[PDB]
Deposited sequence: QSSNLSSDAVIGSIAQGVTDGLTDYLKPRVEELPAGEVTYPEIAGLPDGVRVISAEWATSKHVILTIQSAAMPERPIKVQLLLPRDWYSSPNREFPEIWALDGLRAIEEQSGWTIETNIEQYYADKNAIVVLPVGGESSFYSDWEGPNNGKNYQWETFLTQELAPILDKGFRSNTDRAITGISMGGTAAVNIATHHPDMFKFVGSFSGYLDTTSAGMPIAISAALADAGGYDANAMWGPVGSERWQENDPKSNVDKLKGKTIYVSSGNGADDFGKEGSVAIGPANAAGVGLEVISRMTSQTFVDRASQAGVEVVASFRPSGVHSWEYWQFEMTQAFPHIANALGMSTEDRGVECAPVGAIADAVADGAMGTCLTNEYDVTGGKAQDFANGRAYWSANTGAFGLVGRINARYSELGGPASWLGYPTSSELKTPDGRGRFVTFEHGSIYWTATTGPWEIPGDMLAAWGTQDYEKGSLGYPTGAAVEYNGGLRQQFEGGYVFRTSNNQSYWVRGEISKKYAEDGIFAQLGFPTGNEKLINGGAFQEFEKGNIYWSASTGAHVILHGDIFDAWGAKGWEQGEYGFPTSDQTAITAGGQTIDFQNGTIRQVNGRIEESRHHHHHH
């Protein structure tokens, strides 16, 4: 896989390698322009104009010394308390775009909800615009009608502007995706005091290792047709070694570092480089937070997800207070769509991996998702039980519904892959295995005598017995499901009765005059008058059979078939008695 992509590139396949990073062409919204005058900037450097898309999203147009030909646009997302605390200073969080960055706007604000995410947070988000393929570096020379001195522009010109003009403390976190991820680490290793945190989302953290250069060239080739020689020079030179994260990792000792990859060619290369990077960090004894986890979200939504995953570590590195951080976590993809009601409340955590898929904590309960089942938010006592069991780790599998109401309006239930959980204020939350559930169904679930489960399916004589309001449901030693109800049920559960009958072979059947149920080794018969009484398979039964059982002369049993002497066995009926004494059937009325 890793070798196959490097291979395709070596065979001259570049076309389409960077398309997965191409953002929508969206123009920033029009706004009130101001002309800030900043004292103490370097020669040639000033802020031409500040346009306010919103009161919290301001676009700077900067006159660069290092890049003078035309101006550089840089988006700021201003902290929550910008106006409410007008004397306060804030930390900087730099969000560097990917290979296919367009001049019109930062990919981050085109393709993600980063505007909304940071709205409630006390930090200045810096989002430099344009610079396709720049890798935010100082190129050896000009190329492809552009001259890139981005590393200088960022560290030597923009950094002062924000420090002087935009109420910034020097405290910075530098992050980015794709070339931005590479750049984030390169720039941090070059200026280790300017940053307290470094973040690479799906970046290329290895530029020197055999075949890496042929890829980085293929990248600049596809991403507008740039020449890597123009950027860092000959394919071995001191400029490549200078811009190779895996080599330089040792220079980031003391810093919070975040590395993500996974979510085709270039993502594969990023996964390898990121792995090599973490490997070399561990060797250097530099702690790094790695994220190679799978996700149901891809590209832009995925990258913004990783941003929110990193933010708590950013906040730690920049020493932001709890009240500064706002709501750190944010729902994405299918869980986000299912939580849109607002029912679940404020999220307490992000999507985290559970066995078959993902789970997310909320104020009011937990949400669950798998590619198969989809996403559902569960609340209250049902959810409290589903958790007690281990959520999708437990035999139930993933939820196939949210909390549903029963037509009697006193019950609530949730459906799962391999069962259901039912709840009432008085019975509690209980899980019924799918097979036992279908059996309970034959009697019409909660609508029938049995009502609601009152406990869990437990070990019963090499089978399962779950108690209900109206009786019990069973899983037989031969893996079938039958239920037992009312007066027959009271009997079946009595001391020593199971010993005689074994598991049911069918459910209760209503007959003229009462009802009966069939068991492995006998039958239970019940009527209003007689009660529930056991008859066993054998001579007495066959004889009673010859005379129409309970419908015929003798009627319903009025006592349990009990043993007398050596082989002696009797059982009373309504209108007679049948024995089998000394091997013989004795039909006495």
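Residues of the deposited sequence with no modelled C-alpha atom fall in the ranges 1-5, 269-288, 615-620.
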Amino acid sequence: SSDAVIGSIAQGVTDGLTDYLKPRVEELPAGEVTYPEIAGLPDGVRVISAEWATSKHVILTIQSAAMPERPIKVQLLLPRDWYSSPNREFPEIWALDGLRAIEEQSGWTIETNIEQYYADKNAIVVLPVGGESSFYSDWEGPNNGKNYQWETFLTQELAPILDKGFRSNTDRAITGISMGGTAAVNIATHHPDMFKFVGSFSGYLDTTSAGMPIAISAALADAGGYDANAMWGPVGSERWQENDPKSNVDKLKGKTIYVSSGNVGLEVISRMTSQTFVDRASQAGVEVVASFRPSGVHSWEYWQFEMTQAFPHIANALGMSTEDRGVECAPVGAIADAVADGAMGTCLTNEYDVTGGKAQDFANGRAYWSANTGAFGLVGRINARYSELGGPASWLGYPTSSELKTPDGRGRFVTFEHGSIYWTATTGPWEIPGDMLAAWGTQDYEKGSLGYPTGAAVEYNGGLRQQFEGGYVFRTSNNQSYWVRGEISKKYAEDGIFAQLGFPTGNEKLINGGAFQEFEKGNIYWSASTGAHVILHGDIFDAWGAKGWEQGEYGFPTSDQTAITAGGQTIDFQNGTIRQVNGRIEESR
From here on, numbers count along this sequence of modelled residues.
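The stretch 352-360 shows the higher mean C-alpha B-factor when 418-426 is compared against 352-360 in the entry. According to the PDB record, 541-549 carries the higher mean C-alpha B-factor of the two stretches 49-57 and 541-549. The entry lists C-alpha B-factors for 89, 104, 444, 244, and the highest of these is at 244. Out of 121, 253, 366, 100, it is 253 whose C-alpha atom has the highest B-factor in the PDB entry. In the deposited entry, the Cα temperature factor of residue 34 sits in the bottom third of values across the chain's modelled residues. Ranked by C-alpha B-factor against the other modelled residues of its chain, residue 140 falls in the middle third.
Remark: residue 221 belongs to the lowest third of its chain, ranked by C-alpha B-factor as recorded.
In the deposited entry, the Cα temperature factor of residue 266 places it in the highest third of its chain's modelled residues. The PDB entry assigns residue 109 a C-alpha temperature factor belonging to the lowest third of its chain's modelled residues.
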